[PDB]
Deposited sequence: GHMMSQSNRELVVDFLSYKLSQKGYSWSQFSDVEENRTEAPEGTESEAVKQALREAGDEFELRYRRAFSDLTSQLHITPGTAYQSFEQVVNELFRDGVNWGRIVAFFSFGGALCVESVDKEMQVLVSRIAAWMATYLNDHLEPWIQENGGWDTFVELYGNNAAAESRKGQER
């Protein structure tokens, strides 16, 4: 599910950037089932950010994101997030975290990071999360649990 995961990342990040008034196309040059997954992920990310908007922006600010340091800050946080296993809530939090890094990157005039973060997220999904996802019934399991 390599390309469907990339598409999920692009869709979610595009959505989170447009909520801040920013356009994905300025930062990168990138049927019925896929759209239900995307919608469920958008709704879950909004719900996460509804109750934790300060906590997310606080911790991203505390990470002092720069082009020279963003990759290790992303990978270290995500490695700790999943260190003792995976569940769907942690996967939504993983998307929300990457969305907050991208927003912070445009805010701080580091737009080059947006497409980098998207690649890092897609790589992490495909290499480290997709086995658990498939073992747990695929993304339709998420739609059934988190979809509204």
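What the model leaves out of the deposited chain are the segments 1-3, 34-42, 161-172.
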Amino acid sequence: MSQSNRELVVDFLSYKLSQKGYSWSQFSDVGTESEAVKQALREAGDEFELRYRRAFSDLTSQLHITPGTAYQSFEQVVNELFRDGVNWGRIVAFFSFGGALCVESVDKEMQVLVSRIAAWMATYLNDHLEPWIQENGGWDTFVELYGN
From here on, numbers count along this sequence of modelled residues.
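Higher average CA B factor: 60-68, of the stretches 83-91 and 60-68. Relative to its counterpart among 47-55 and 113-121, 47-55 has the higher mean temperature factor, C-alpha atoms as listed in the PDB entry. In the PDB entry, a CA B factor belonging to the lowest third of its chain's modelled residues is recorded for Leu41. For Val30, the recorded CA temperature factor ranks within the highest third of the chain's modelled residues. Looking at the C-alpha B-factors along this chain, the one for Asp127 belongs to the highest third.
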